[PDB]
Structures are given as C-alpha cells and as structure tokens.
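Engineer: Got a structure for you, upload.txt, holding compact mmCIF, C-alpha atoms.
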# COMPACT_ATOMS: atom_id res chain seq x y z
CA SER A 459 -11.07 -85.75 -34.83
CA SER A 460 -12.60 -83.32 -32.33
CA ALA A 461 -16.10 -82.29 -31.27
CA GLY A 462 -15.05 -79.22 -29.29
CA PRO A 463 -16.39 -75.70 -29.92
CA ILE A 464 -13.79 -75.07 -32.64
CA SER A 465 -15.11 -77.73 -35.02
CA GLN A 466 -18.71 -77.10 -33.91
CA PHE A 467 -18.92 -73.31 -34.23
CA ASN A 468 -15.62 -71.83 -35.42
CA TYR A 469 -13.54 -73.58 -38.08
CA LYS A 470 -14.12 -76.86 -39.90
CA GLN A 471 -11.97 -78.34 -42.66
CA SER A 472 -13.31 -80.56 -45.45
CA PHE A 473 -13.25 -84.32 -44.86
CA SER A 474 -13.31 -85.05 -48.60
CA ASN A 475 -9.94 -83.40 -49.32
CA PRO A 476 -6.55 -84.07 -47.73
CA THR A 477 -5.91 -81.52 -44.96
CA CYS A 478 -3.13 -80.24 -42.70
CA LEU A 479 -3.22 -78.35 -39.40
CA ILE A 480 -0.27 -76.23 -38.22
CA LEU A 481 0.36 -74.62 -34.82
CA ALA A 482 3.09 -71.93 -34.79
CA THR A 483 4.62 -69.04 -32.82
CA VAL A 484 5.76 -65.71 -34.35
CA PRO A 485 9.20 -65.01 -32.92
CA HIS A 486 10.21 -61.46 -32.29
CA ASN A 487 12.27 -61.41 -35.38
CA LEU A 488 8.91 -61.16 -37.16
CA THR A 489 7.52 -57.70 -36.43
CA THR A 490 5.02 -56.97 -39.20
CA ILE A 491 2.68 -59.49 -37.54
CA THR A 492 0.80 -57.65 -34.78
CA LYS A 493 -0.92 -59.26 -31.75
CA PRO A 494 -4.58 -58.57 -30.74
CA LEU A 495 -5.91 -57.89 -27.21
CA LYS A 496 -6.51 -61.61 -26.57
CA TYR A 497 -7.47 -64.88 -28.25
CA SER A 498 -11.23 -65.28 -28.77
CA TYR A 499 -13.46 -68.17 -29.83
CA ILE A 500 -17.17 -69.03 -30.00
CA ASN A 501 -18.29 -71.49 -27.28
CA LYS A 502 -22.00 -71.51 -28.19
CA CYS A 503 -23.94 -70.88 -31.36
CA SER A 504 -27.60 -71.87 -31.29
CA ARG A 505 -31.07 -70.89 -32.41
CA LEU A 506 -34.03 -70.62 -30.06
CA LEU A 507 -37.10 -71.65 -32.05
CA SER A 508 -40.28 -69.53 -32.11
CA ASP A 509 -41.68 -71.80 -29.39
CA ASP A 510 -39.32 -70.21 -26.82
CA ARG A 511 -38.31 -73.73 -25.69
CA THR A 512 -36.40 -75.55 -28.41
CA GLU A 513 -32.67 -74.88 -28.68
CA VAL A 514 -30.95 -75.94 -31.91
CA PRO A 515 -27.15 -75.61 -32.11
CA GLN A 516 -26.01 -73.97 -35.34
CA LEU A 517 -23.04 -76.05 -36.47
CA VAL A 518 -20.47 -74.59 -38.86
CA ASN A 519 -20.09 -76.25 -42.26
CA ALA A 520 -16.66 -76.77 -43.86
CA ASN A 521 -15.30 -73.84 -45.88
CA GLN A 522 -17.80 -71.50 -44.19
CA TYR A 523 -18.05 -69.06 -41.29
CA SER A 524 -20.32 -69.52 -38.28
CA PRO A 525 -23.85 -68.08 -38.59
CA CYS A 526 -22.98 -66.28 -35.36
CA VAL A 527 -20.12 -64.16 -36.79
CA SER A 528 -22.75 -61.48 -37.43
CA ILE A 529 -23.28 -61.00 -33.69
CA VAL A 530 -19.91 -61.98 -32.16
CA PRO A 531 -17.36 -59.08 -32.17
CA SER A 532 -14.04 -59.57 -33.97
CA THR A 533 -12.49 -59.89 -30.52
CA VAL A 534 -14.49 -60.97 -27.46
CA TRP A 535 -14.43 -58.23 -24.82
CA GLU A 536 -14.68 -60.53 -21.81
CA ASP A 537 -14.64 -64.31 -21.23
CA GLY A 538 -18.20 -65.61 -21.18
CA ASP A 539 -19.95 -62.68 -22.87
CA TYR A 540 -23.15 -63.63 -24.68
CA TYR A 541 -24.85 -62.25 -27.77
CA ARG A 542 -28.43 -62.33 -29.00
CA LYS A 543 -30.43 -61.16 -32.00
CA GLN A 544 -34.15 -61.63 -32.57
CA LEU A 545 -35.00 -63.22 -35.92
CA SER A 546 -37.45 -61.91 -38.53
CA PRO A 547 -40.43 -64.21 -39.31
CA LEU A 548 -38.79 -64.74 -42.71
CA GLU A 549 -35.49 -65.79 -41.08
CA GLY A 550 -37.52 -68.35 -39.12
CA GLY A 551 -38.53 -66.36 -36.07
CA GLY A 552 -37.22 -67.07 -32.59
CA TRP A 553 -33.70 -65.92 -31.74
CA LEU A 554 -30.04 -66.28 -32.65
CA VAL A 555 -27.74 -66.70 -29.64
CA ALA A 556 -23.97 -66.96 -29.07
CA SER A 557 -21.33 -66.93 -26.32
CA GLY A 558 -17.66 -66.00 -26.55
CA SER A 559 -14.60 -67.31 -24.74
CA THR A 560 -11.17 -65.76 -24.24
CA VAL A 561 -7.62 -66.94 -23.61
CA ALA A 562 -4.97 -64.52 -22.36
CA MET A 563 -2.58 -63.16 -25.01
CA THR A 564 0.92 -64.72 -24.97
CA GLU A 565 4.45 -63.25 -24.98
CA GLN A 566 4.94 -64.20 -28.61
CA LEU A 567 1.75 -64.35 -30.70
CA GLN A 568 0.56 -67.90 -31.45
CA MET A 569 -1.17 -68.78 -34.74
CA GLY A 570 -3.13 -71.51 -36.50
CA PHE A 571 -2.80 -72.62 -40.12
CA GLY A 572 -5.19 -74.88 -42.00
CA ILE A 573 -4.23 -76.14 -45.46
CA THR A 574 -6.48 -77.95 -47.93
CA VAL A 575 -5.19 -79.45 -51.20
CA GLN A 576 -7.08 -80.59 -54.28
CA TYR A 577 -5.47 -82.99 -56.74
CA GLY A 578 -6.77 -82.24 -60.22
CA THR A 579 -7.02 -84.39 -63.35
CA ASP A 580 -4.76 -82.32 -65.63
CA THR A 581 -4.81 -78.92 -63.90
CA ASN A 582 -2.04 -79.62 -61.32
CA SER A 583 -0.59 -76.11 -61.78
CA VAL A 584 0.27 -75.58 -58.10
CA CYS A 585 3.66 -77.28 -57.73
CA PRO A 586 6.67 -76.64 -55.50
CA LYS A 587 9.83 -74.93 -56.75
CA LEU A 588 13.53 -75.42 -56.03
CA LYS A 595 17.23 -75.06 -57.86
CA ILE A 596 17.85 -77.87 -60.34
CA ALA A 597 14.41 -77.39 -61.89
CA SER A 598 15.95 -74.06 -62.84
CA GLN A 599 19.25 -72.56 -63.99
CA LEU A 600 22.06 -73.37 -64.42
CA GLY A 601 21.19 -76.63 -66.07
CA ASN A 602 23.62 -75.79 -68.88
CA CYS A 603 23.17 -79.20 -70.54
CA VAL A 604 20.36 -81.71 -71.23
CA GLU A 605 17.52 -81.68 -70.10
CA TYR A 606 14.68 -79.14 -69.99
CA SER A 607 10.92 -79.53 -69.70
CA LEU A 608 9.07 -76.28 -70.41
CA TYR A 609 5.38 -75.38 -70.44
CA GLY A 610 3.64 -77.64 -72.92
CA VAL A 611 6.83 -78.57 -74.70
CA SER A 612 9.33 -81.32 -73.95
CA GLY A 613 12.84 -81.54 -75.29
CA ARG A 614 16.55 -82.00 -74.62
CA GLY A 615 18.86 -79.05 -75.08
CA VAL A 616 21.97 -77.16 -74.09
CA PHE A 617 20.92 -73.69 -73.01
CA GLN A 618 23.33 -70.82 -73.50
CA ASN A 619 23.02 -67.10 -72.87
CA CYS A 620 22.74 -66.08 -76.50
CA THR A 621 21.54 -62.91 -78.29
CA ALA A 622 19.00 -61.50 -79.20
CA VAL A 623 16.44 -62.63 -81.77
CA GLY A 624 12.80 -63.22 -80.95
CA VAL A 625 9.37 -61.87 -80.20
CA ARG A 626 9.93 -61.47 -76.42
CA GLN A 627 6.26 -61.24 -75.49
CA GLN A 628 5.26 -64.81 -76.13
CA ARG A 629 8.05 -67.05 -75.18
CA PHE A 630 9.59 -69.42 -77.69
CA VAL A 631 11.39 -69.06 -80.98
CA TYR A 632 11.33 -71.63 -83.74
CA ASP A 633 13.42 -71.93 -86.89
CA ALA A 634 11.16 -72.83 -89.82
CA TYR A 635 10.34 -76.31 -88.47
CA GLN A 636 8.81 -77.87 -85.38
CA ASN A 637 12.03 -77.35 -83.42
CA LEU A 638 12.72 -74.43 -81.10
CA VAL A 639 16.13 -72.75 -81.34
CA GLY A 640 15.24 -71.93 -78.54
CA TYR A 641 15.39 -69.37 -75.76
CA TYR A 642 12.53 -68.59 -73.37
CA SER A 643 11.80 -69.58 -70.79
CA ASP A 644 13.83 -67.91 -68.15
CA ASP A 645 13.17 -64.69 -66.33
CA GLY A 646 14.20 -62.79 -68.16
CA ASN A 647 17.04 -63.76 -70.45
CA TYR A 648 18.00 -65.58 -73.62
CA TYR A 649 18.71 -69.26 -73.01
CA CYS A 650 18.94 -70.40 -76.61
CA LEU A 651 18.74 -74.12 -76.94
CA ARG A 652 20.35 -76.67 -79.20
CA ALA A 653 19.89 -80.26 -80.22
CA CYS A 654 21.25 -83.20 -78.26
CA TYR P 18 -23.68 -60.98 -63.36
CA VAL P 19 -21.50 -57.87 -63.16
CA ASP P 20 -22.32 -54.39 -61.84
CA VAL P 21 -21.67 -52.00 -64.72
CA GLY P 22 -22.83 -48.89 -62.90
CA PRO P 23 -26.27 -47.28 -62.82
CA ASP P 24 -28.79 -46.98 -65.64
CA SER P 25 -29.10 -43.58 -67.28
CA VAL P 26 -31.65 -41.39 -65.51
CA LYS P 27 -32.37 -39.38 -68.64
CA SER P 28 -35.95 -39.53 -69.92
CA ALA P 29 -35.03 -38.94 -73.55
CA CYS P 30 -32.16 -39.60 -75.94
CA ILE P 31 -30.15 -37.07 -77.90
CA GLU P 32 -31.63 -36.60 -81.35
CA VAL P 33 -29.62 -38.15 -84.17
CA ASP P 34 -29.30 -36.77 -87.71
CA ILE P 35 -28.40 -39.40 -90.29
CA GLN P 36 -26.86 -37.93 -93.44
CA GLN P 37 -25.02 -40.71 -95.27
CA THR P 38 -24.05 -38.49 -98.24
CA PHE P 39 -21.74 -36.43 -96.00
CA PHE P 40 -19.84 -39.63 -95.12
CA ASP P 41 -19.58 -40.92 -98.68
CA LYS P 42 -15.97 -40.15 -99.47
CA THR P 43 -13.30 -41.85 -101.51
CA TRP P 44 -10.16 -41.96 -99.38
CA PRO P 45 -8.54 -45.20 -100.56
CA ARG P 46 -6.15 -46.98 -98.20
CA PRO P 47 -5.95 -50.48 -99.68
CA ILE P 48 -4.11 -53.37 -98.05
CA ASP P 49 -0.47 -53.42 -99.09
CA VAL P 50 1.01 -56.58 -97.63
CA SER P 51 4.43 -55.56 -99.03
CA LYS P 52 4.44 -53.21 -96.05
CA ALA P 53 2.81 -55.83 -93.81
CA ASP P 54 -0.56 -54.08 -93.65
CA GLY P 55 -3.12 -56.02 -91.64
CA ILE P 56 -0.87 -58.78 -90.32
CA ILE P 57 -1.70 -60.71 -87.18
CA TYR P 58 1.53 -62.34 -85.92
CA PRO P 59 1.14 -66.14 -85.54
CA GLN P 60 -0.37 -67.34 -82.25
CA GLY P 61 1.20 -70.79 -81.96
CA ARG P 62 4.84 -69.66 -81.72
CA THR P 63 7.10 -66.66 -82.58
CA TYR P 64 10.14 -66.30 -84.89
CA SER P 65 13.54 -64.74 -85.71
CA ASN P 66 14.89 -63.40 -89.03
Translate the structure described by the file into structure tokens.
Structural biologist:
Amino acid sequence: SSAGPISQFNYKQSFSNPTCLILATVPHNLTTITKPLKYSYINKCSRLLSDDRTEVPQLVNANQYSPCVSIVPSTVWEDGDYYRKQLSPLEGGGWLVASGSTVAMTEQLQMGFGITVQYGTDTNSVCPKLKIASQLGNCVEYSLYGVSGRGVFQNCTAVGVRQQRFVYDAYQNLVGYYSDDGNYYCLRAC
Amino acid sequence: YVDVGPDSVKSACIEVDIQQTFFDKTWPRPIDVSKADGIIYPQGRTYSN
C-alpha cells in the first residue's frame, strides 16, 4: 500500500496473487553473502515526449523490471545522479530519463524478500516438508505419490526394478517398498 | 522456437550412390521371446520374481 519510488519505478508485486514482504539482516555468521558499495534505487523514471515539453512517468508493471534499468547502473555511483538516452523514432522519439538515489551501506548487509504464491487446481506440487510425513513411521499410514494405502514399512531386501519406484505382487496391491531415499521400505497390509 | 545452430553454408550436397542390391542380405535375427527379445518393461508399475 505505497506510492513511493519503489512501487512506481523499482519493484511491484502482483495484486491478484497472495504476497509476502520480508525485511532481514545477514548476520556475520553468514559470510558467503557479500555487501555492495551502497544501497541504490530509482527515484525517477520518465519519458520526455517528442514535443520537448510533455513528461510521462514510466511506471513499473508487476513481475517486470523498470524500463530504466537499461540506463541506470547496477549500483548508483552518487546520490542524485541522472541518466538520459535519446529515443529512436521507432521507439517513439523524445527521450528516456532516470535518476538514482543512494543509502549508505550498513554494518551488516540488509536485504529484501518478496514472495508470491499461486494456488493451483490440482497442481499443488510445492508443499512444505517436515519429520512425521517421513520415516520412521513404522506402522500405518502412508500416502505416496498417486497411491494411497495403509501399511507397515520395514527395511526389507532386495527385489524390484529400482528405477521406477513401486513393486506389486500380481494384483493391484504393492508389496511394497519405494518410496524412500534410497532404501527398501517394503509394505504390508493392515 | 529453439536455436539449433547455423544453417549449412555449403552450396551443394555430397553425391549419393544408391545400390540396393549391395544391401540385400539374409542375416536372420528373428524375435525369440524365450530370451526376452524385444521386451518393453511395463510402464504402470514394476515387479519382483
């Protein structure tokens, strides 16, 4: 719910999907994450029409980059720097114009995370994980990939295919290992 | 569509001699399913002994 430069010219989430926004701080303990010279953001992105008078802000659309990322360096050299680029008659004529802002780097690097989730109809294949949903549930129940069932898994040996991941015994039933990673949890009836 | 690398820049093709009679041989290797010749394992599931 903000009409600052960030939503205008830098980063916009979708309003049609559920979204989250996370502010964090890398400790010291985390060392593979390197800091840059400073924090930079775009504080102006507009077009000057071919009439040399009309200024039209170029707003960023969700899931896209600013049209000004072509002229704004990956880090802004100095607070308030401005960028320009004349447009070809095909591009519309006039100019493209931008201005960058800076904030001083911090002791510990500070980051931003934006998450966007889509709930599908049947394709909900991005789920959490824990460890009951896994071993050692050495009694009833399991619920594997497209198959239901109630079984007592045991570390058995050693009969199967091992590349696709069930084993049946001459009927609809599965007797029964696979799937675990990677062993032989042969199942039984209730 | 996918980039599959450049077109050939050659202006001709290599000449090809077709001589079917040189390839007409009898080297029989018939299906013997006793030895499981030509068997696709079943897709739906997999099995033991």
Engineer: Find the distance between CA of residue 597 in chain A and CA of residue 654 in chain A and write it in Å to one decimal.
Structural biologist: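 Straight-line distance from CA of residue 597 in chain A to CA of residue 654 in chain A works out to 18.7 Å.
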Engineer: Pick the closest to residue 524 in chain A from A:482, A:581, A:543, A:464: which is it, counting only C-alpha atoms?
Structural biologist: A:464
Engineer: Report, in Å with one decimal, the straight-line distance from CA of residue 601 in chain A to CA of residue 60 in chain P.
Structural biologist: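 Separation of CA of residue 601 in chain A and CA of residue 60 in chain P: 28.5 Å.
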Engineer: Starting from chain P, keep only residues with some atom at most 7 Å from an atom of chain A, counting all atoms listed in the file, and report them as a list in words.
Structural biologist: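 Listed by rising number, the hits are residues 62, 63, 64 and 65 of chain P.
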Engineer: Write a file of the just-selected residues containing C-alpha atoms, as an mmCIF file, in the frame of the given file.
Structural biologist:
data_model
loop_
_atom_site.group_PDB
_atom_site.id
_atom_site.type_symbol
_atom_site.label_atom_id
_atom_site.label_comp_id
_atom_site.auth_asym_id
_atom_site.auth_seq_id
_atom_site.Cartn_x
_atom_site.Cartn_y
_atom_site.Cartn_z
ATOM 1 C CA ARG P 62 4.840 -69.660 -81.720
ATOM 2 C CA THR P 63 7.100 -66.660 -82.580
ATOM 3 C CA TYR P 64 10.140 -66.300 -84.890
ATOM 4 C CA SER P 65 13.540 -64.740 -85.710
#
Engineer: Just want the 8 Å neighbourhood of residue 508 in chain A, counted on all atoms listed in the file, with same-chain residues fewer than 6 positions away dropped. Output as JSON, numbers by chain.
Structural biologist: {"A": [550, 551, 552, 553]}
Engineer: Between CA of residue 519 in chain A and CA of residue 532 in chain A, measure the distance and give it in Å to one decimal.
Structural biologist: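 Between CA of residue 519 in chain A and CA of residue 532 in chain A the gap works out to 19.6 Å.
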Engineer: Quick one: everything within 8 Å of range 567-578 of chain A, counting only C-alpha atoms, minus sequence neighbours fewer than 2 positions away in the same chain. Send it as a list in words.
Structural biologist: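 Counting only the stated atoms, we get residues 471, 472, 475, 476, 477, 478, 479, 480, 481, 482, 483, 484, 485, 492, 493, 563, 564, 565, 580, 581 and 582 of chain A.
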Engineer: N, CA, C and O atoms are what I want for range 41-61 of chain P; can you complete it accordingly and write them as a PDB file, in the frame of the given file?
Structural biologist:
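part.pdb, freshly written:
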ATOM      1  N   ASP P  41     -19.949 -40.224 -97.463  1.00  0.00           N
ATOM      2  CA  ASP P  41     -19.580 -40.920 -98.680  1.00  0.00           C
ATOM      3  C   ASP P  41     -18.366 -40.240 -99.295  1.00  0.00           C
ATOM      4  O   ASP P  41     -18.487 -39.276-100.054  1.00  0.00           O
ATOM      5  N   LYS P  42     -17.188 -40.723 -98.942  1.00  0.00           N
ATOM      6  CA  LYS P  42     -15.970 -40.150 -99.470  1.00  0.00           C
ATOM      7  C   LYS P  42     -15.130 -41.254-100.063  1.00  0.00           C
ATOM      8  O   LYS P  42     -15.281 -42.418 -99.701  1.00  0.00           O
ATOM      9  N   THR P  43     -14.267 -40.899-101.000  1.00  0.00           N
ATOM     10  CA  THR P  43     -13.300 -41.850-101.510  1.00  0.00           C
ATOM     11  C   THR P  43     -11.931 -41.449-100.989  1.00  0.00           C
ATOM     12  O   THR P  43     -11.310 -40.512-101.497  1.00  0.00           O
ATOM     13  N   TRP P  44     -11.484 -42.151 -99.955  1.00  0.00           N
ATOM     14  CA  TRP P  44     -10.160 -41.960 -99.380  1.00  0.00           C
ATOM     15  C   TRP P  44      -9.459 -43.317 -99.323  1.00  0.00           C
ATOM     16  O   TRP P  44      -9.313 -43.915 -98.244  1.00  0.00           O
ATOM     17  N   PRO P  45      -9.027 -43.817-100.486  1.00  0.00           N
ATOM     18  CA  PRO P  45      -8.540 -45.200-100.560  1.00  0.00           C
ATOM     19  C   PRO P  45      -7.268 -45.450 -99.758  1.00  0.00           C
ATOM     20  O   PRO P  45      -6.292 -44.701 -99.859  1.00  0.00           O
ATOM     21  N   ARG P  46      -7.312 -46.497 -98.934  1.00  0.00           N
ATOM     22  CA  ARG P  46      -6.150 -46.980 -98.200  1.00  0.00           C
ATOM     23  C   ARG P  46      -6.130 -48.501 -98.259  1.00  0.00           C
ATOM     24  O   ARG P  46      -6.365 -49.192 -97.247  1.00  0.00           O
ATOM     25  N   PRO P  47      -5.875 -49.034 -99.464  1.00  0.00           N
ATOM     26  CA  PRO P  47      -5.950 -50.480 -99.680  1.00  0.00           C
ATOM     27  C   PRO P  47      -4.844 -51.227 -98.935  1.00  0.00           C
ATOM     28  O   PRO P  47      -3.786 -50.657 -98.633  1.00  0.00           O
ATOM     29  N   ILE P  48      -5.102 -52.497 -98.653  1.00  0.00           N
ATOM     30  CA  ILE P  48      -4.110 -53.370 -98.050  1.00  0.00           C
ATOM     31  C   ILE P  48      -2.892 -53.433 -98.967  1.00  0.00           C
ATOM     32  O   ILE P  48      -3.021 -53.708-100.168  1.00  0.00           O
ATOM     33  N   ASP P  49      -1.724 -53.167 -98.399  1.00  0.00           N
ATOM     34  CA  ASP P  49      -0.470 -53.420 -99.090  1.00  0.00           C
ATOM     35  C   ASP P  49       0.342 -54.364 -98.210  1.00  0.00           C
ATOM     36  O   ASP P  49       0.953 -53.933 -97.243  1.00  0.00           O
ATOM     37  N   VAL P  50       0.330 -55.657 -98.528  1.00  0.00           N
ATOM     38  CA  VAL P  50       1.010 -56.580 -97.630  1.00  0.00           C
ATOM     39  C   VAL P  50       2.535 -56.491 -97.795  1.00  0.00           C
ATOM     40  O   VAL P  50       3.252 -57.003 -96.960  1.00  0.00           O
ATOM     41  N   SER P  51       3.004 -55.838 -98.860  1.00  0.00           N
ATOM     42  CA  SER P  51       4.430 -55.560 -99.030  1.00  0.00           C
ATOM     43  C   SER P  51       4.965 -54.792 -97.828  1.00  0.00           C
ATOM     44  O   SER P  51       6.139 -54.902 -97.471  1.00  0.00           O
ATOM     45  N   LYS P  52       4.093 -53.985 -97.230  1.00  0.00           N
ATOM     46  CA  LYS P  52       4.440 -53.210 -96.050  1.00  0.00           C
ATOM     47  C   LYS P  52       3.866 -53.851 -94.795  1.00  0.00           C
ATOM     48  O   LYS P  52       3.836 -53.228 -93.738  1.00  0.00           O
ATOM     49  N   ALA P  53       3.386 -55.085 -94.932  1.00  0.00           N
ATOM     50  CA  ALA P  53       2.810 -55.830 -93.810  1.00  0.00           C
ATOM     51  C   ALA P  53       1.598 -55.118 -93.212  1.00  0.00           C
ATOM     52  O   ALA P  53       1.432 -55.078 -91.991  1.00  0.00           O
ATOM     53  N   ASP P  54       0.762 -54.547 -94.075  1.00  0.00           N
ATOM     54  CA  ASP P  54      -0.560 -54.080 -93.650  1.00  0.00           C
ATOM     55  C   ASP P  54      -1.422 -55.239 -93.177  1.00  0.00           C
ATOM     56  O   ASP P  54      -1.565 -56.225 -93.896  1.00  0.00           O
ATOM     57  N   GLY P  55      -2.055 -55.100 -92.016  1.00  0.00           N
ATOM     58  CA  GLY P  55      -3.120 -56.020 -91.640  1.00  0.00           C
ATOM     59  C   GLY P  55      -2.675 -57.408 -91.224  1.00  0.00           C
ATOM     60  O   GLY P  55      -3.419 -58.375 -91.368  1.00  0.00           O
ATOM     61  N   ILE P  56      -1.469 -57.497 -90.680  1.00  0.00           N
ATOM     62  CA  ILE P  56      -0.870 -58.780 -90.320  1.00  0.00           C
ATOM     63  C   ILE P  56      -0.981 -59.078 -88.828  1.00  0.00           C
ATOM     64  O   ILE P  56      -0.396 -58.378 -87.995  1.00  0.00           O
ATOM     65  N   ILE P  57      -1.724 -60.133 -88.509  1.00  0.00           N
ATOM     66  CA  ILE P  57      -1.700 -60.710 -87.180  1.00  0.00           C
ATOM     67  C   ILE P  57      -0.495 -61.652 -87.088  1.00  0.00           C
ATOM     68  O   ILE P  57      -0.319 -62.554 -87.913  1.00  0.00           O
ATOM     69  N   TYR P  58       0.378 -61.451 -86.105  1.00  0.00           N
ATOM     70  CA  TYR P  58       1.530 -62.340 -85.920  1.00  0.00           C
ATOM     71  C   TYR P  58       1.008 -63.731 -85.538  1.00  0.00           C
ATOM     72  O   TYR P  58      -0.072 -63.816 -84.961  1.00  0.00           O
ATOM     73  N   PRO P  59       1.732 -64.817 -85.830  1.00  0.00           N
ATOM     74  CA  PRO P  59       1.140 -66.140 -85.540  1.00  0.00           C
ATOM     75  C   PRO P  59       1.040 -66.451 -84.043  1.00  0.00           C
ATOM     76  O   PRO P  59       1.977 -66.219 -83.285  1.00  0.00           O
ATOM     77  N   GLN P  60      -0.116 -66.972 -83.639  1.00  0.00           N
ATOM     78  CA  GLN P  60      -0.370 -67.340 -82.250  1.00  0.00           C
ATOM     79  C   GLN P  60       0.465 -68.486 -81.682  1.00  0.00           C
ATOM     80  O   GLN P  60       0.927 -68.417 -80.545  1.00  0.00           O
ATOM     81  N   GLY P  61       0.659 -69.539 -82.474  1.00  0.00           N
ATOM     82  CA  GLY P  61       1.200 -70.790 -81.960  1.00  0.00           C
ATOM     83  C   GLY P  61       2.599 -70.701 -81.389  1.00  0.00           C
ATOM     84  O   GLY P  61       2.896 -71.270 -80.341  1.00  0.00           O
TER      85      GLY P  61
END
